[PDB]
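Colleague:
There are 4 protein chains.
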Amino acid sequence: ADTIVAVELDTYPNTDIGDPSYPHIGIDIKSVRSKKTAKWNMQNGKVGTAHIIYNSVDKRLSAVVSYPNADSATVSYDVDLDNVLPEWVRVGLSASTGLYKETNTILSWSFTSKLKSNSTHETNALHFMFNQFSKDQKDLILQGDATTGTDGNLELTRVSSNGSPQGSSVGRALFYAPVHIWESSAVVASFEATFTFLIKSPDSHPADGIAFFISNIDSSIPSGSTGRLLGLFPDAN
Amino acid sequence: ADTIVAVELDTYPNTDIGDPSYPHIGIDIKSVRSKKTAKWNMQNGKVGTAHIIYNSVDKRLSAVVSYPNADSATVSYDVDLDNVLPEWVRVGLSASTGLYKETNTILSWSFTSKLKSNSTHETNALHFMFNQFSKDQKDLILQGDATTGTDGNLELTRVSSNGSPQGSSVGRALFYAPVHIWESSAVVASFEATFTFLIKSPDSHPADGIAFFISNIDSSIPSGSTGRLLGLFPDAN
Amino acid sequence: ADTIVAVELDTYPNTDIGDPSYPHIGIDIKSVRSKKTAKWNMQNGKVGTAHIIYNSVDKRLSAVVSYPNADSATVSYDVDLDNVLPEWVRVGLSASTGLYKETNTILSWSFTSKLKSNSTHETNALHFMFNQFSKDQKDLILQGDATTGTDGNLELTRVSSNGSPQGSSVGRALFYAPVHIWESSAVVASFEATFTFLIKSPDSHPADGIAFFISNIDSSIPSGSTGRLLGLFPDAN
Amino acid sequence: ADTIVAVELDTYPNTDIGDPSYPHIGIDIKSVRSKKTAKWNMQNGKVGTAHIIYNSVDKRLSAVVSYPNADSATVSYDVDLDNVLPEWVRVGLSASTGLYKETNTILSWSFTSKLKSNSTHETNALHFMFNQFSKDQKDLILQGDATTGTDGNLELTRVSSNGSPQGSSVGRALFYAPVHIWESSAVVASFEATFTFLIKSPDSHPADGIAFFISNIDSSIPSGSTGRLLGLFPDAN
Ligand SMILES: OC[C@H]1O[C@H](O[C@H]2[C@@H](O)[C@H](O)[C@@H](CO)O[C@@H]2O)[C@@H](O)[C@@H](O)[C@@H]1O
Ligand SMILES: OC[C@H]1O[C@H](O[C@H]2[C@@H](O)[C@H](O)[C@@H](CO)O[C@@H]2O)[C@@H](O)[C@@H](O)[C@@H]1O
Ligand SMILES: OC[C@H]1O[C@H](O[C@H]2[C@@H](O)[C@H](O)[C@@H](CO)O[C@@H]2O)[C@@H](O)[C@@H](O)[C@@H]1O
Ligand SMILES: OC[C@H]1O[C@H](O[C@H]2[C@@H](O)[C@H](O)[C@@H](CO)O[C@@H]2O)[C@@H](O)[C@@H](O)[C@@H]1O
Ligand SMILES: [Ca+2]
Ligand SMILES: [Ca+2]
Ligand SMILES: [Ca+2]
Ligand SMILES: [Ca+2]
Ligand SMILES: [Mn+2]
Ligand SMILES: [Mn+2]
Ligand SMILES: [Mn+2]
Ligand SMILES: [Mn+2]
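In the order they appear, the protein sequences are chains A, B, C and D.
In this text, residue positions in the first sequence follow the entry's author numbering: the first is 1, and each later residue adds one.
In this text, residue positions in the second sequence follow the entry's author numbering: the first is 1, and each later residue adds one.
In this text, residue positions in the third sequence follow the entry's author numbering: the first is 1, and each later residue adds one.
In this text, residue positions in the fourth sequence follow the entry's author numbering: the first is 1, and each later residue adds one.
See below:
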């Protein structure tokens with residue numbers, strides 16, 4: 001199977017697979033059953049911002065999700081990504097819907113990764129910033145139901161011609177270039193990601209969520225990973 | 001054939017195809033026969049720096065090449081890249097040797113491209129920076145004789161186990177992700193590239209040169225493009 | 001007197017001092033009487049974006065001003081800033097009102113300057129980005145009527161408690177640190193600035209405008225420079 | 001007195017004030033008696049690199065110091081800078097010598113700070129990068145014995161016309177613009193700094209060290225702070 005590290009923005013409480021009984025953010029290390037979660041007051045129809053950070057000095061993956069004028073939700077987990085991911089990865093966004101549904105609309109996405117050796121200063125970096133998505137956007141790999149360009153946004157899951165979100169949908173967008181996330185003899189490595197999103201739904205209990213993820217380069221949507229599996233995992237183990 | 005825009009650092013005067021009678025820098029728009037050149041005092045065995053810039057307001061492709069303590073060489077050409085390149089491209093470095101030879105060693109390479117629409121501020125960007133090259137560097141497409149990792153450098157053309165450069169060699173490195181270089185309704189677009197290089201040779205007249213280039217995404221080394229064709233063109237038309 | 005280079009967004013046609021008979025953008029080199037202008041269709045009450053660029057290879061100061069869905073206004077002028085400005089400068093925004101008036105509200109302001117020598121690669125840079133202004137924002141020098149913090153914006157000229165703009169107002173904001181804009185032996189130098197703005201007015205002919213400017217470090221608002229002088233010049237020479 | 005947070009690169013073991021018995025790196029929060037230290041194998045005459053990082057999610061100040069081909073030294077301390085520093089600060093480098101001495105030569109210094117509110121995305125940033133220092137470098141405040149420009153370097157402490165370091169010296173360089181390091185309602189704030197340095201000495205036990213520091217805006221060298229006090233503190237409390 002793929003190898004996945006992710007930050008989930010999980011809108012739907014699947015208590016039969018260990019979710020808490022409320023919408024939540026979580027750190028997922030090789031399982032949908034998050035290693036750490038925090039309560040998240042998702043605001044239906046408002047634009048939110050997610051920030052994700054990591055560095056190899058502290059070996060701590062952290063995320064903060066906010067809406068204007070409200071308390072943020074923050075979650076952190078101590079993990080050494082050298083012990084989890086391959087050296088080269090792709091980074092992406094994923095989302096899903098199930099019985100219940102929501103738009104999984106990405107309005108912007110930026111990412112930076114740095115890798116520094118002990119040679120003097122000698123540091124490599126990748127940075128991208130999408131504030132407008134186009135169709136046929138050749139620097140993204142779209143998987144499943146994801147589309148780009150409608151109103152300049154990335155729609156990870158299916159929406160009808162008028163903006164009604166559909167159930168049983170899954171889609172992802174991966175940046176085209178591989179990213180060098182760690183190296184045996186690097187002095188320091190770090191990354192950060194930010195995205196803004198609009199989750200809107202007619203349902204009183206929207207579903208299923210959005211995730212930022214890091215995977216093996218050749219990662220693909222696992223069969224059946226709509227709904228609670230967020231396009232990331234083949235099962236709930 | 002491919003579509004190529006390039007800045008050549010041309011070490012060898014091929015006067016039978018229109019080169020001036022001295023080493024030179026040049027702007028190449030769909031032909032090896034440069035649209036503009038400037039005299040270049042290449043310094044055998046020293047580390048040089050090349051800077052390339054362009055923006056869609058001025059529609060001027062410019063380059064400056066320097067060595068410490070010496071005068072720089074600068075060349076500029078008015079060209080609207082919308083009229084030459086496809087919207088999506090790859091960017092790369094190319095080099096060659098022929099009867100005469102030189103190392104075509106790249107010590108660093110950075111690139112930034114920005115594309116801004118009239119939506120408020122709404123600007124997309126790509127930036128990469130390689131100050132150390134690794135082997136099996138998955139964010140580069142290596143073509144021909146190019147290799148990475150030896151002493152942390154990118155060797156575009158063949159060098160023997162002790163650093164002796166070989167004749168009749170050609171090689172290129174392209175960044176893996178496509179780059180969005182223009183768009184129909186962009187307000188402004190720009191790019192810049194910088195690389196540092198070490199051209200060393202036992203020959204009194206080193207050959208053939210290094211180029212930074214922008215091409216169709218699927219560009220490959222044209223058959224026979226060693227020597228004076230710099231890995232870029234199939235012929236000298 | 002101060003030494004000023006500026007890009008003016010001039011909302012009011014002062015034909016008695018050489019303005020064209022329409023709102024316009026202009027390049028001002030040591031005089032309010034622009035060296036080059038272009039027609040500008042300012043949209044009362046809409047958010048606009050201004051981009052300004054310059055580099056020492058091309059020696060061309062260019063600006064583009066846009067509103068969503070409309071044609072942009074662009075102006076360019078060939079000038080070598082080594083011949084006009086001191087080596088060290090401050091950068092800022094200025095605005096004014098006169099008999100007629102408008103809000104001169106800055107929603108965001110970013111700036112980057114780079115200066116590279118021929119030492120290998122050896123390049124210095126300054127970048128700032130304000131997307132929210134606070135009061136008592138210690139990295140800005142506010143002059144005249146300019147205030148910060150109201151709704152997170154920079155109000156260059158006076159606005160009443162309800163947002164009504166006032167006449168006969170002038171104000172400026174300068175970044176606190178001096179900027180090294182050129183050097184005798186630099187290989188390349190460049191800068192860019194971007195700001196977003198909201199000019200709104202009850203008048204059918206709003207006045208007077210906004211400018212991005214570069215000045216001697218100790219620049220101050222010239223006496224009497226409300227109105228057509230944009231907070232920049234002591235007279236219309 | 002001033003308020004100081006610093007990362008010390010302490011070359012001389014002052015065991016009478018709590019230093020360990022070896023050269024060390026340390027995190028100093030309002031005292032020269034570090035809250036955390038790590039052993040540091042300083043290499044006389046070699047160029048080292050220091051990296052310092054902090055973010056408000058994790059509230060952890062960390063530093064890593066390296067020389068090519070050797071193990072790095074790393075130290076970290078959990079501290080919420082909101083509880084220690086004023087909202088607005090200056091950032092700087094400091095160094096000293098005493099009875100024993102060393103060059104405290106800075107070859108490069110970069111810094112980035114970001115402050116993001118919950119307004120959508122709305123983030124402010126400052127970045128500077130000095131790879132060459134000039135004299136009369138107007139974006140630095142030099143204090144004490146610090147000078148700039150000799151061979152393009154920043155010499156924090158006194159060196160004779162031939163490069164012999166002098167005892168009983170202290171000097172600092174602060175970036176001119178204040179930095180907004182925290183805010184009451186920010187969602188996330190972060191900073192990073194990197195510098196490269198050359199500490200060379202004729203002494204078998206070089207002294208006293210270099211520090212990166214963050215202080216009240218109006219900070220000045222405390223009287224008598226040569227030697228073990230690193231230009232930072234008035235006493236060893
Ligand atoms: O979209 C929400 C949720 O919907 C579906 O799950 C619901 C139901 O169909 C299941 O039988 C029960 C028990 O597992 O859970 C729900 O009530 C699935 O599509 C699921 O993946 C998704 O999270
Ligand atoms: O590497 C320099 C140069 O070498 C070869 O060209 C030389 C010779 O072989 C040719 O007959 C003449 C006339 O075209 O030019 C040279 O002297 C080629 O490999 C060439 O592509 C290359 O530039
Ligand atoms: O704010 C617009 C304009 O208003 C004032 O100028 C007007 C008038 O008072 C002057 O007598 C005439 C002739 O110069 O021009 C205007 O109609 C001034 O405040 C001026 O600076 C400003 O641009
Ligand atoms: O530069 C090293 C060190 O030198 C001086 O301290 C030495 C000596 O003069 C003192 O009497 C003893 C006891 O405190 O310590 C040293 O051996 C001072 O300049 C000191 O600040 C500095 O670290
Ligand atoms: Ca769930
Ligand atoms: Ca040639
Ligand atoms: Ca006017
Ligand atoms: Ca000490
Ligand atoms: Mn969950
Ligand atoms: Mn040529
Ligand atoms: Mn005018
Ligand atoms: Mn100590």
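Note that beta-carbon positions come from the ideal geometry of N, C-alpha and C, so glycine has one too.
What residues in its chain sit with their C-beta under 7 Å from that of C:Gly-144, if we drop five residues either side in the sequence?
Modeller: Answer for C:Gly-144: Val-170, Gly-171, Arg-172, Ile-221, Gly-231, listed in chain order.
Colleague: Here's the rule I'm using: 16 or more other beta-carbon atoms within 10 Å means buried, otherwise exposed. How should C:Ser-108 be labelled?
Modeller: Label assigned to C:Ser-108: buried.
Colleague: Ordered along the chain, which non-local residues of its own chain (more than five positions away) have a Cβ less than 6 Å from that of B:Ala-236?
Modeller: Same-chain partners within the cutoff: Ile-17, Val-32.
Colleague: Kindly indicate the opening and closing residues of the beta strand (DSSP E) around C:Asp-2.
Modeller: Element bounds for C:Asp-2: n/a, residue is neither H nor E.
Colleague: Listed from N- to C-terminal order along the chain, which residues in the segment 174 to 198 of chain D have their beta-carbon within a distance smaller than 9 Å of any beta-carbon of chain C?
Modeller: Taking 9 Å as the Cβ-Cβ cut-off against chain C, the residues of the segment 174 to 198 of chain D that qualify are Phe-175, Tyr-176, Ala-177, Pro-178, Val-179, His-180, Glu-183.
Colleague: Taking the straight line between their C-alpha atoms, what separation do you get for B:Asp-71 and B:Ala-63?
Modeller: Near 14 Å, if we compare the C-alpha coordinates of B:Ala-63 and B:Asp-71.
Colleague: For C:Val-57, would you say it is in contact with chain B, using Cβ-to-Cβ distances shorter than 8 Å as the test?
Modeller: It does: the Cβ of C:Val-57 has a partner Cβ on chain B nearer than 8 Å.
Colleague: Taking C:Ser-113 as the query, report the chain D residues whose CB atoms sit under 9 Å from its CB, ordered along the chain.
Modeller: None at all; the shortest Cβ gap to chain D is about 10 Å.
Colleague: Relative to ligand 7, is the shortest distance from any of its heavy atoms to the C-beta of C:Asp-16 smaller than 7 Å?
Modeller: Outside the cutoff, so no.
Colleague: Judging by CA-CA distance, which residue of C:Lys-30, C:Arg-158, C:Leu-174, C:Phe-191 is the nearest neighbour of C:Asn-83?
Modeller: Of the listed residues, the one whose Cα sits closest to C:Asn-83 is C:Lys-30.
Colleague: Just to make sure I have the definition right: I need the residues of chain D whose C-beta is within less than 7 Å of the C-beta of A:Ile-53. Which are they?
Modeller: Chain D residues near A:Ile-53: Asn-55, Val-57.
Colleague: At what residue ranges does the segment 136 to 202 of chain A contain a whole run of the beta strand (DSSP E), taking only runs of 3 or more?
Modeller: Qualifying beta strand (DSSP E) stretches, in chain order: 140 to 144, 170 to 175, 188 to 198.
Colleague: Apart from the five residues just before and just after A:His-121, which ones in its own chain have a Cβ nearer than 8 Å to its Cβ?
Modeller: Cβ neighbours of A:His-121 beyond the five flanking positions: none.
Colleague: Figure out for me which residue from C:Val-89, C:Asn-124, C:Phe-130, C:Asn-162 has the closest Cα to the Cα of D:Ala-125.
Modeller: Checking every option, the nearest Cα to that of D:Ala-125 belongs to C:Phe-130.
Colleague: Determine which residues share a DSSP beta bridge with A:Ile-106 and list them.
Modeller: Answer is A:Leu-154, A:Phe-197.
Colleague: Does chain B have any CB closer than 8 Å to the CB of C:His-121?
Modeller: Output row for C:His-121: interface = yes.
Colleague: With a threshold of 16 other CB atoms inside 10 Å of the CB of C:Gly-26, please say whether the residue is buried or exposed.
Modeller: Buried.
Colleague: Once DSSP output is grouped into helix, strand and coil, what is the label at B:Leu-232?
Modeller: Residue state, collapsed to three classes: coil.
Colleague: Are any of the Cβ atoms in chain B nearer than 8 Å to that of C:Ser-66?
Modeller: By this cut-off, C:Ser-66 is an interface position.
Colleague: Among the residues of its own chain, which have a CB less than 6 Å from the CB of B:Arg-158, if the five just before and after it don't count?
Modeller: These residues qualify, in order along the chain: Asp-145, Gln-166, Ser-169.
Colleague: Alpha carbon to alpha carbon, what distance is there between B:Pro-202 and B:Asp-151?
Modeller: Looking at the two C-alpha atoms, the distance is approximately 21 Å.
Colleague: Any chance the CB of A:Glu-8 is under 7 Å from a heavy atom of ligand 9?
Modeller: For ligand 9, at least one heavy atom lies less than 7 Å from the Cβ of A:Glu-8.
Colleague: Does any residue of chain A have a CB that is nearer than 8 Å to the CB of D:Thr-147?
Modeller: So no, D:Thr-147 is outside the interface.
Colleague: Of the residues A:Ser-219, A:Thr-105, A:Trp-88, which one's Cα is nearest the Cα of B:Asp-136?
Modeller: Comparing Cα positions, the closest option is A:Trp-88.
Colleague: Going by C-alpha distance, which of D:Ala-1, D:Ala-6, D:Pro-13, D:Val-5 is nearest D:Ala-207?
Modeller: It is D:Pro-13.
Colleague: Could you tell me which of D:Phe-191, D:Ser-56, D:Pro-20, D:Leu-140 sits nearest to D:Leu-9, measuring between CA atoms?
Modeller: Looking at the Cα atoms, D:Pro-20 is the closest of the given residues.
Colleague: Can you tell me whether C:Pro-13 sits near ligand 7, meaning its C-beta is under 7 Å from at least one heavy atom of the ligand?
Modeller: Indeed, a heavy atom of ligand 7 lies less than 7 Å from the Cβ.
Colleague: Is B:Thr-3 near B:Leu-93, with beta carbons less than 8 Å apart?
Modeller: Their beta carbons are not under 8 Å apart, which means B:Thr-3 does not touch B:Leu-93 by this criterion.
Colleague: Give a yes or no on whether 8 Å exceeds the smallest Cβ distance from B:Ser-76 to chain C.
Modeller: Yes - at least one Cβ of chain C is within 8 Å of the one on B:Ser-76.
Colleague: In angstroms, rounded to a whole number, what distance separates the CA positions of B:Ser-34 and B:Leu-140?
Modeller: Computed Cα separation, rounded: 27 Å.
Colleague: So who's on the other strand from D:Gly-26, going by DSSP bridges?
Modeller: Answer is D:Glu-8, D:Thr-37.
Colleague: Checking the sheet assignment: what are the DSSP bridge partners for B:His-51?
Modeller: DSSP output for B:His-51 lists B:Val-64, B:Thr-194 as bridge partner(s).
Colleague: State the start and end residues of the unbroken beta strand (DSSP E) segment that holds A:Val-84.
Modeller: Per DSSP, A:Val-84 belongs to no beta strand (DSSP E) and is neither H nor E.
Colleague: Just to confirm my understanding: we take D:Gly-98, look at its own chain, exclude 5 residues before and 5 after, and list those with CB closer than 8 Å. What are they?
Modeller: Around D:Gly-98: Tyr-12, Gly-167, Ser-168, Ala-207, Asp-208, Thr-226, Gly-227, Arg-228.
Colleague: Please name the residues in the segment 81 to 92 of chain A whose beta-carbon is closer than 7 Å to at least one beta-carbon of chain B, in chain order.
Modeller: Residues passing the 7 Å Cβ filter: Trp-88.
Colleague: Determine the chain B residues that contact C:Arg-60 at a beta-carbon separation under 7 Å, and present them in chain order.
Modeller: What C:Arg-60 touches in chain B: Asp-58.
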